[PDB]
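S.K.: So here's structure_19.csv, just CSV, C-alpha atoms:
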chain,number,residue,atom,x,y,z
A,274,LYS,CA,0.0,0.0,0.0
A,275,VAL,CA,3.0,2.4,0.1
A,276,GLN,CA,5.3,2.2,-3.0
A,277,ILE,CA,8.3,4.6,-3.4
A,278,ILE,CA,10.4,4.3,-6.6
A,279,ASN,CA,13.5,6.4,-7.4
A,280,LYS,CA,15.0,5.7,-10.9
A,281,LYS,CA,17.9,7.5,-12.7
A,282,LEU,CA,18.8,10.2,-10.1
A,283,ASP,CA,21.8,12.6,-10.6
A,284,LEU,CA,22.3,14.5,-7.3
A,285,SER,CA,25.1,16.9,-6.3
A,286,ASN,CA,26.0,19.2,-3.5
A,287,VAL,CA,29.0,21.5,-3.9
A,288,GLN,CA,30.0,23.9,-1.0
A,289,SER,CA,33.1,25.9,-0.1
A,290,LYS,CA,32.8,27.8,3.3
A,291,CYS,CA,29.4,26.7,4.6
A,292,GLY,CA,30.3,26.3,8.3
A,293,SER,CA,27.8,25.5,11.1
A,294,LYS,CA,28.2,27.1,14.6
A,295,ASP,CA,25.9,27.0,17.8
A,296,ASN,CA,22.9,25.4,16.0
A,297,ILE,CA,20.1,23.0,17.3
A,298,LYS,CA,18.5,20.7,14.7
A,299,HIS,CA,20.5,22.0,11.7
A,300,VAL,CA,19.7,19.6,8.7
A,301,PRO,CA,21.1,21.0,5.5
A,302,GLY,CA,19.9,18.9,2.5
A,303,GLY,CA,21.0,20.8,-0.6
A,304,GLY,CA,20.5,18.9,-3.9
A,305,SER,CA,18.9,16.0,-1.9
A,306,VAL,CA,15.7,14.0,-2.5
A,307,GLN,CA,13.8,13.3,0.7
A,308,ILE,CA,10.5,11.3,1.1
A,309,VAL,CA,8.9,11.4,4.5
A,310,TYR,CA,5.7,9.4,5.2
A,311,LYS,CA,3.3,10.2,8.2
A,312,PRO,CA,6.0,12.0,10.4
A,313,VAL,CA,5.1,13.0,14.0
A,314,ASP,CA,7.2,15.7,15.7
A,315,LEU,CA,6.5,16.5,19.4
A,316,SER,CA,10.0,17.8,20.1
A,317,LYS,CA,10.8,20.3,22.8
A,318,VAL,CA,13.8,22.7,22.4
A,319,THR,CA,14.7,25.4,25.0
A,320,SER,CA,17.9,27.2,23.9
A,321,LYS,CA,18.9,30.3,25.9
A,322,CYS,CA,16.7,30.6,29.1
A,323,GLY,CA,17.6,32.3,32.4
A,324,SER,CA,20.1,35.2,32.9
A,325,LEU,CA,22.5,35.5,29.9
A,326,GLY,CA,25.0,38.2,28.7
A,327,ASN,CA,24.0,40.7,31.4
A,328,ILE,CA,26.3,43.4,32.9
B,274,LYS,CA,3.0,-3.5,1.8
B,275,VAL,CA,5.9,-1.1,1.9
B,276,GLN,CA,8.1,-1.2,-1.2
B,277,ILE,CA,11.1,1.1,-1.6
B,278,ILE,CA,13.2,0.9,-4.8
B,279,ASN,CA,16.3,2.9,-5.7
B,280,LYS,CA,17.7,2.1,-9.2
B,281,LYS,CA,20.6,3.9,-11.0
B,282,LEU,CA,21.6,6.6,-8.4
B,283,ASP,CA,24.6,8.9,-9.0
B,284,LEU,CA,25.1,10.9,-5.7
B,285,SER,CA,27.9,13.4,-4.8
B,286,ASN,CA,28.8,15.7,-2.0
B,287,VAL,CA,31.9,18.0,-2.5
B,288,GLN,CA,32.9,20.3,0.4
B,289,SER,CA,36.1,22.3,1.3
B,290,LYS,CA,35.9,24.2,4.6
B,291,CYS,CA,32.4,23.2,5.9
B,292,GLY,CA,33.3,22.8,9.7
B,293,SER,CA,30.9,22.1,12.6
B,294,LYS,CA,31.3,23.7,16.1
B,295,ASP,CA,29.1,23.6,19.2
B,296,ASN,CA,26.0,22.1,17.4
B,297,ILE,CA,23.2,19.8,18.7
B,298,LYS,CA,21.6,17.3,16.3
B,299,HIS,CA,23.5,18.6,13.2
B,300,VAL,CA,22.8,16.3,10.2
B,301,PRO,CA,24.2,17.5,6.9
B,302,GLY,CA,22.8,15.4,4.0
B,303,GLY,CA,23.8,17.3,0.8
B,304,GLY,CA,23.3,15.3,-2.4
B,305,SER,CA,21.7,12.4,-0.3
B,306,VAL,CA,18.6,10.4,-0.9
B,307,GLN,CA,16.6,9.7,2.3
B,308,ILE,CA,13.4,7.8,2.8
B,309,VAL,CA,11.8,8.0,6.2
B,310,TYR,CA,8.6,6.0,7.0
B,311,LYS,CA,6.3,6.8,10.1
B,312,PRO,CA,9.1,8.6,12.1
B,313,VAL,CA,8.2,9.8,15.7
B,314,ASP,CA,10.3,12.5,17.4
B,315,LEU,CA,9.6,13.1,21.1
B,316,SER,CA,13.1,14.6,21.8
B,317,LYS,CA,14.0,17.1,24.5
B,318,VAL,CA,17.0,19.5,24.0
B,319,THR,CA,17.9,22.1,26.6
B,320,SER,CA,21.2,23.8,25.5
B,321,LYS,CA,22.2,27.0,27.4
B,322,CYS,CA,20.1,27.4,30.6
B,323,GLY,CA,20.8,29.1,34.0
B,324,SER,CA,23.5,31.8,34.2
B,325,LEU,CA,25.8,32.3,31.2
B,326,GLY,CA,28.3,34.9,30.0
B,327,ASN,CA,27.4,37.5,32.7
B,328,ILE,CA,29.6,40.2,34.1
C,274,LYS,CA,5.8,-6.8,4.1
C,275,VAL,CA,8.8,-4.4,3.9
C,276,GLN,CA,10.9,-4.7,0.7
C,277,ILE,CA,13.9,-2.3,0.2
C,278,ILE,CA,16.0,-2.7,-3.1
C,279,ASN,CA,19.1,-0.7,-3.9
C,280,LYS,CA,20.5,-1.4,-7.4
C,281,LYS,CA,23.4,0.4,-9.3
C,282,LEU,CA,24.4,3.0,-6.7
C,283,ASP,CA,27.4,5.3,-7.3
C,284,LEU,CA,27.8,7.3,-4.1
C,285,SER,CA,30.6,9.8,-3.3
C,286,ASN,CA,31.7,12.1,-0.5
C,287,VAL,CA,34.7,14.4,-1.0
C,288,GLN,CA,35.8,16.7,1.9
C,289,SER,CA,39.1,18.5,2.7
C,290,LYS,CA,38.9,20.6,5.9
C,291,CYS,CA,35.4,19.8,7.3
C,292,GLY,CA,36.4,19.5,11.0
C,293,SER,CA,34.0,18.7,14.0
C,294,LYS,CA,34.4,20.3,17.5
C,295,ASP,CA,32.2,20.2,20.6
C,296,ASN,CA,29.1,18.8,18.9
C,297,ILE,CA,26.4,16.4,20.3
C,298,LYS,CA,24.7,14.0,17.8
C,299,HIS,CA,26.6,15.3,14.7
C,300,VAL,CA,25.8,12.9,11.9
C,301,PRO,CA,27.2,13.9,8.5
C,302,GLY,CA,25.8,11.8,5.6
C,303,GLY,CA,26.6,13.8,2.4
C,304,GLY,CA,26.1,11.8,-0.9
C,305,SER,CA,24.6,8.8,1.1
C,306,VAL,CA,21.4,6.8,0.7
C,307,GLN,CA,19.5,6.2,4.0
C,308,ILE,CA,16.3,4.3,4.5
C,309,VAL,CA,14.7,4.5,8.0
C,310,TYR,CA,11.5,2.5,8.9
C,311,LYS,CA,9.3,3.4,11.9
C,312,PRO,CA,12.1,5.2,13.9
C,313,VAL,CA,11.1,6.5,17.4
C,314,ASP,CA,13.3,9.1,19.1
C,315,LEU,CA,12.9,9.7,22.9
C,316,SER,CA,16.3,11.3,23.4
C,317,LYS,CA,17.2,13.9,26.1
C,318,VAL,CA,20.2,16.2,25.6
C,319,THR,CA,21.2,18.8,28.2
C,320,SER,CA,24.5,20.4,27.1
C,321,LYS,CA,25.5,23.6,28.9
C,322,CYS,CA,23.2,24.1,31.9
C,323,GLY,CA,24.3,25.8,35.2
C,324,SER,CA,26.9,28.6,35.6
C,325,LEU,CA,29.3,28.9,32.6
C,326,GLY,CA,31.6,31.7,31.2
C,327,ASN,CA,30.6,34.2,34.0
C,328,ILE,CA,32.8,37.0,35.5
D,274,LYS,CA,62.0,48.4,-10.3
D,275,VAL,CA,59.0,45.9,-10.4
D,276,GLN,CA,57.3,45.2,-7.0
D,277,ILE,CA,54.2,42.9,-6.8
D,278,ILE,CA,52.7,42.4,-3.3
D,279,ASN,CA,49.7,40.2,-2.5
D,280,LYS,CA,48.6,40.3,1.2
D,281,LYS,CA,45.5,38.7,2.8
D,282,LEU,CA,43.8,37.1,-0.2
D,283,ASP,CA,40.6,34.9,0.2
D,284,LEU,CA,39.9,33.3,-3.2
D,285,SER,CA,37.3,30.7,-4.1
D,286,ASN,CA,36.0,29.0,-7.2
D,287,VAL,CA,32.9,26.8,-6.9
D,288,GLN,CA,31.5,24.9,-9.9
D,289,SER,CA,29.1,22.0,-10.5
D,290,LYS,CA,28.7,21.0,-14.2
D,291,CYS,CA,31.1,23.3,-16.0
D,292,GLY,CA,32.5,20.9,-18.6
D,293,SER,CA,35.0,21.8,-21.5
D,294,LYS,CA,34.7,20.2,-25.0
D,295,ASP,CA,36.5,20.8,-28.3
D,296,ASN,CA,38.3,24.1,-27.2
D,297,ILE,CA,41.6,25.7,-28.1
D,298,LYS,CA,43.3,28.0,-25.4
D,299,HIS,CA,40.4,27.7,-22.9
D,300,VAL,CA,41.8,29.3,-19.7
D,301,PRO,CA,38.9,29.6,-17.1
D,302,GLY,CA,40.2,31.8,-14.1
D,303,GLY,CA,37.0,32.4,-12.0
D,304,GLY,CA,37.8,34.0,-8.6
D,305,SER,CA,41.6,34.2,-9.5
D,306,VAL,CA,44.0,37.0,-9.1
D,307,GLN,CA,46.4,37.3,-12.2
D,308,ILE,CA,49.2,39.8,-12.7
D,309,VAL,CA,50.8,39.8,-16.2
D,310,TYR,CA,53.7,42.1,-17.0
D,311,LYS,CA,54.7,43.0,-20.6
D,312,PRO,CA,53.1,40.0,-22.3
D,313,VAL,CA,53.7,39.3,-26.0
D,314,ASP,CA,51.3,37.0,-27.9
D,315,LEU,CA,52.1,36.2,-31.6
D,316,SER,CA,50.2,32.9,-31.6
D,317,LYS,CA,48.7,31.3,-34.7
D,318,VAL,CA,45.5,29.1,-34.4
D,319,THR,CA,43.8,27.5,-37.4
D,320,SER,CA,40.9,25.3,-36.2
D,321,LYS,CA,38.5,24.0,-38.9
D,322,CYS,CA,40.0,24.7,-42.3
D,323,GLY,CA,39.5,22.6,-45.5
D,324,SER,CA,36.3,20.6,-46.3
D,325,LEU,CA,34.3,19.7,-43.3
D,326,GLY,CA,30.7,18.3,-42.6
D,327,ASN,CA,29.8,18.4,-46.3
D,328,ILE,CA,27.2,16.0,-48.0
E,274,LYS,CA,64.9,44.5,-9.2
E,275,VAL,CA,61.9,42.1,-9.5
E,276,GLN,CA,60.2,41.5,-6.1
E,277,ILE,CA,57.1,39.2,-5.8
E,278,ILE,CA,55.6,38.7,-2.3
E,279,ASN,CA,52.6,36.5,-1.5
E,280,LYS,CA,51.6,36.7,2.2
E,281,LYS,CA,48.5,35.1,4.0
E,282,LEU,CA,46.7,33.4,1.0
E,283,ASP,CA,43.6,31.3,1.4
E,284,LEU,CA,42.9,29.7,-2.0
E,285,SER,CA,40.2,27.2,-2.8
E,286,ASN,CA,38.9,25.4,-5.9
E,287,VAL,CA,35.8,23.1,-5.4
E,288,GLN,CA,34.4,21.2,-8.5
E,289,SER,CA,32.0,18.2,-9.0
E,290,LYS,CA,31.5,17.3,-12.7
E,291,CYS,CA,33.8,19.7,-14.6
E,292,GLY,CA,35.2,17.2,-17.2
E,293,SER,CA,37.6,18.0,-20.1
E,294,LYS,CA,37.3,16.4,-23.6
E,295,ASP,CA,39.1,17.0,-26.9
E,296,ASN,CA,40.8,20.3,-25.8
E,297,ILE,CA,44.1,21.9,-26.8
E,298,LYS,CA,45.8,24.1,-24.2
E,299,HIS,CA,43.1,23.9,-21.6
E,300,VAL,CA,44.5,25.6,-18.4
E,301,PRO,CA,41.8,25.8,-15.7
E,302,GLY,CA,43.0,28.1,-12.8
E,303,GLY,CA,39.9,28.8,-10.7
E,304,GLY,CA,40.7,30.4,-7.3
E,305,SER,CA,44.4,30.5,-8.2
E,306,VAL,CA,47.0,33.3,-7.9
E,307,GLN,CA,49.2,33.6,-11.0
E,308,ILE,CA,52.0,36.1,-11.6
E,309,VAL,CA,53.6,36.1,-15.2
E,310,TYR,CA,56.6,38.3,-16.0
E,311,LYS,CA,57.6,39.1,-19.7
E,312,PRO,CA,55.9,36.0,-21.3
E,313,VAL,CA,56.4,35.5,-25.0
E,314,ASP,CA,53.9,33.2,-26.8
E,315,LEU,CA,54.8,32.2,-30.5
E,316,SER,CA,52.8,29.0,-30.4
E,317,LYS,CA,51.2,27.4,-33.5
E,318,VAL,CA,48.1,25.2,-33.2
E,319,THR,CA,46.3,23.5,-36.2
E,320,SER,CA,43.5,21.3,-34.9
E,321,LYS,CA,41.1,20.0,-37.6
E,322,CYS,CA,42.5,20.7,-41.0
E,323,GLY,CA,41.9,18.6,-44.2
E,324,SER,CA,38.7,16.5,-45.0
E,325,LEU,CA,36.6,15.7,-41.9
E,326,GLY,CA,33.1,14.4,-41.1
E,327,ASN,CA,32.1,14.4,-44.8
E,328,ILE,CA,29.5,12.1,-46.5
F,274,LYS,CA,67.7,40.5,-8.8
F,275,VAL,CA,64.6,38.2,-8.7
F,276,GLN,CA,63.1,37.7,-5.3
F,277,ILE,CA,60.0,35.5,-4.9
F,278,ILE,CA,58.6,35.0,-1.4
F,279,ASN,CA,55.6,32.8,-0.4
F,280,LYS,CA,54.5,33.0,3.3
F,281,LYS,CA,51.4,31.5,5.1
F,282,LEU,CA,49.7,29.8,2.1
F,283,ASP,CA,46.6,27.7,2.6
F,284,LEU,CA,45.9,26.1,-0.8
F,285,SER,CA,43.1,23.6,-1.6
F,286,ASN,CA,41.7,21.7,-4.6
F,287,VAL,CA,38.6,19.5,-4.1
F,288,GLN,CA,37.3,17.5,-7.1
F,289,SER,CA,35.0,14.5,-7.5
F,290,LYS,CA,34.3,13.6,-11.2
F,291,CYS,CA,36.6,16.0,-13.2
F,292,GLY,CA,37.9,13.5,-15.8
F,293,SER,CA,40.3,14.2,-18.8
F,294,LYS,CA,40.0,12.5,-22.2
F,295,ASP,CA,41.8,13.1,-25.6
F,296,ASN,CA,43.3,16.5,-24.6
F,297,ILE,CA,46.7,18.1,-25.5
F,298,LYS,CA,48.5,20.3,-23.0
F,299,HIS,CA,45.7,20.1,-20.3
F,300,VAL,CA,47.1,21.8,-17.2
F,301,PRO,CA,44.6,22.0,-14.4
F,302,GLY,CA,45.8,24.4,-11.6
F,303,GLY,CA,42.7,25.1,-9.4
F,304,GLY,CA,43.5,26.8,-6.0
F,305,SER,CA,47.3,26.9,-6.9
F,306,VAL,CA,49.9,29.7,-6.8
F,307,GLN,CA,52.1,29.9,-9.9
F,308,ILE,CA,54.9,32.4,-10.6
F,309,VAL,CA,56.4,32.3,-14.1
F,310,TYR,CA,59.4,34.4,-15.1
F,311,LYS,CA,60.4,35.2,-18.7
F,312,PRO,CA,58.6,32.1,-20.3
F,313,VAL,CA,59.1,31.6,-24.0
F,314,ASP,CA,56.6,29.2,-25.8
F,315,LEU,CA,57.6,28.1,-29.3
F,316,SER,CA,55.3,25.0,-29.3
F,317,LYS,CA,53.7,23.4,-32.4
F,318,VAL,CA,50.6,21.2,-32.0
F,319,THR,CA,48.9,19.5,-35.0
F,320,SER,CA,46.2,17.2,-33.6
F,321,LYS,CA,43.6,16.0,-36.2
F,322,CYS,CA,44.9,16.8,-39.7
F,323,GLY,CA,44.2,14.6,-42.8
F,324,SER,CA,41.1,12.5,-43.5
F,325,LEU,CA,39.0,11.7,-40.3
F,326,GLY,CA,35.4,10.6,-39.6
F,327,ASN,CA,34.4,10.6,-43.3
F,328,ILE,CA,31.8,8.2,-44.8
For the structure just supplied, provide its representation as structure tokens.
M.R.:
Amino acid sequence: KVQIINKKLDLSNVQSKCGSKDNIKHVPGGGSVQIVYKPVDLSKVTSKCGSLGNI
Amino acid sequence: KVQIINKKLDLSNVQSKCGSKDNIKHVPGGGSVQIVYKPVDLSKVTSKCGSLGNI
Amino acid sequence: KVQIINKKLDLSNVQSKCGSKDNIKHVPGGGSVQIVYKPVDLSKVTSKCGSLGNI
Amino acid sequence: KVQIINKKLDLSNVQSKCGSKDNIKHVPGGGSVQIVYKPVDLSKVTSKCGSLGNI
Amino acid sequence: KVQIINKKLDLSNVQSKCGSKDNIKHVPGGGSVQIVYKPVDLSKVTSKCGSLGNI
Amino acid sequence: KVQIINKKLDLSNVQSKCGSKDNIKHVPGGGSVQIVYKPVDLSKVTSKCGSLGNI
């Protein structure tokens, strides 16, 4: 009842200086094929909570 | 009842200076194929909480 | 009831200076094929909680 | 009497499908720095001379 | 009397499918630094001369 | 009377599928530093002269 066919795919990602700093859930997918069936996301993220960078 | 077929795939990732620092759940997938069936994400992330970088 | 077929795959990853520092759950998969069936993620990450970098 | 100084250069060339076919004197120099002092070019090129592609 | 100084250079070339076929004097120099002093070119090229591809 | 100084060079070339077929004087130099002093080129190339590919 679920049929997924990929035939004759030519995929490329080309990057020079694409650095990643201080991220949560960074998912770079340039030039990709992605097939997602019935996903559920109930995630909780709390990044920068409290007293930060004060003087 | 779930049928996934990949036939004749030409996939490439080319990177020079794509560094990763201080990340949580960093998942670079450039030029990839990804097939995800009924995923459930109930994750908890708390990165930078309390007292940080204060003077 | 699950059938997964990969035929004639030409997969490449080329990287020069793609370094990794201080990451949690860093999963590089450039130019890859990944097939994931009914994944459940219940993870907890707490990285930098408390008193850090204060003066 | 000739002084050439290059200081703090950040040069990049990034290309995906830039193929080269049937050329004479093809000199791609994207993102380059090039300094040429008193050049002389007396070259001769004859590419496609005579009887070609006739029916 | 000729002084050439290169200091602090960050040079990159990143390419995926940049193929070369049937070329004469193909000189790809992407992201390069090139310093050429008093060059003389007296080259002769004759590529495809005579009777070619006729029916 | 000629002084050439290279200091702190970070040079990179990254290539996946950059193939070479049937070329004459193919000189790839991506991300390179090249310093050429008083070059003289007297080359002769004759590649495909005569009777070729006729029917």
S.K.: Every residue with an atom at most 8 Å from (33.5, 17.2, -9.3) (file coordinates; only C-alpha atoms) is what I'm after, so could you write them as a ChimeraX atom specification?
M.R.: /B:287 /D:288-290 /E:287-291 /F:287-291
S.K.: Could you check which of B:284, B:322, B:328, B:277 is closest to residue 305 (chain A), using all atoms listed in the file?
M.R.: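 Ranked by minimum distance to residue 305 (chain A), first place goes to B:284.
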S.K.: Between CA of residue 296 (chain B) and CA of residue 302 (chain C), measure the distance and give it in Å to one decimal.
M.R.: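 Answer for the CA of residue 296 (chain B) to CA of residue 302 (chain C) separation: 15.7 Å.
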S.K.: List the neighbours of residue 295 (chain E) out to 12 Å using all atoms listed in the file; skip same-chain residues closer than 5 positions along the sequence, and give me the result as a compact mmCIF listing (two decimals) with C-alpha atoms, in the frame of the given file.
M.R.:
# COMPACT_ATOMS: atom_id res chain seq x y z
CA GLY D 292 32.50 20.90 -18.60
CA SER D 293 35.00 21.80 -21.50
CA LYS D 294 34.70 20.20 -25.00
CA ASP D 295 36.50 20.80 -28.30
CA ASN D 296 38.30 24.10 -27.20
CA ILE D 297 41.60 25.70 -28.10
CA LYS D 298 43.30 28.00 -25.40
CA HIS D 299 40.40 27.70 -22.90
CA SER E 320 43.50 21.30 -34.90
CA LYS E 321 41.10 20.00 -37.60
CA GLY F 292 37.90 13.50 -15.80
CA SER F 293 40.30 14.20 -18.80
CA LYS F 294 40.00 12.50 -22.20
CA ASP F 295 41.80 13.10 -25.60
CA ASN F 296 43.30 16.50 -24.60
CA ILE F 297 46.70 18.10 -25.50
CA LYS F 298 48.50 20.30 -23.00
CA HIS F 299 45.70 20.10 -20.30
CA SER F 320 46.20 17.20 -33.60
CA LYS F 321 43.60 16.00 -36.20
S.K.: In Å to one decimal, how far is CA of residue 324 (chain E) from CA of residue 315 (chain D)?
M.R.: 27.3 Å
S.K.: Counting all atoms listed in the file, what is within 12 Å of residue 279 (chain E), bar same-chain residues fewer than 5 positions away, as a ChimeraX atom specification?
M.R.: /D:276-282,306 /E:284,306-308 /F:276-283,306-308
S.K.: Any idea what the distance is between CA of residue 303 (chain F) and CA of residue 319 (chain D)?
M.R.: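 Between CA of residue 303 (chain F) and CA of residue 319 (chain D) the gap is 28.1 Å.
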S.K.: With all atoms listed in the file as the counted atoms, please give the residues lying no more than 10 Å from residue 316 (chain D), apart from itself and same-chain residues fewer than 5 positions off, as a VMD selection string.
M.R.: (chain E and resid 313 to 318) or (chain F and resid 314 to 316)
S.K.: Can you spit out the residues from that selection as a JSON list (two decimals), keeping the file's coordinate frame, using C-alpha atoms?
M.R.:
[["chain", "number", "residue", "atom", "x", "y", "z"],
["E", 313, "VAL", "CA", 56.40, 35.50, -25.00],
["E", 314, "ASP", "CA", 53.90, 33.20, -26.80],
["E", 315, "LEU", "CA", 54.80, 32.20, -30.50],
["E", 316, "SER", "CA", 52.80, 29.00, -30.40],
["E", 317, "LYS", "CA", 51.20, 27.40, -33.50],
["E", 318, "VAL", "CA", 48.10, 25.20, -33.20],
["F", 314, "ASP", "CA", 56.60, 29.20, -25.80],
["F", 315, "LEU", "CA", 57.60, 28.10, -29.30],
["F", 316, "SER", "CA", 55.30, 25.00, -29.30]]
S.K.: Residues near residue 285 (chain A), anyone? I mean within 7 Å using all atoms listed in the file, not counting same-chain ones fewer than 6 positions away, as a PyMOL selection string.
M.R.: (chain A and resi 304) or (chain B and resi 284-286+304)
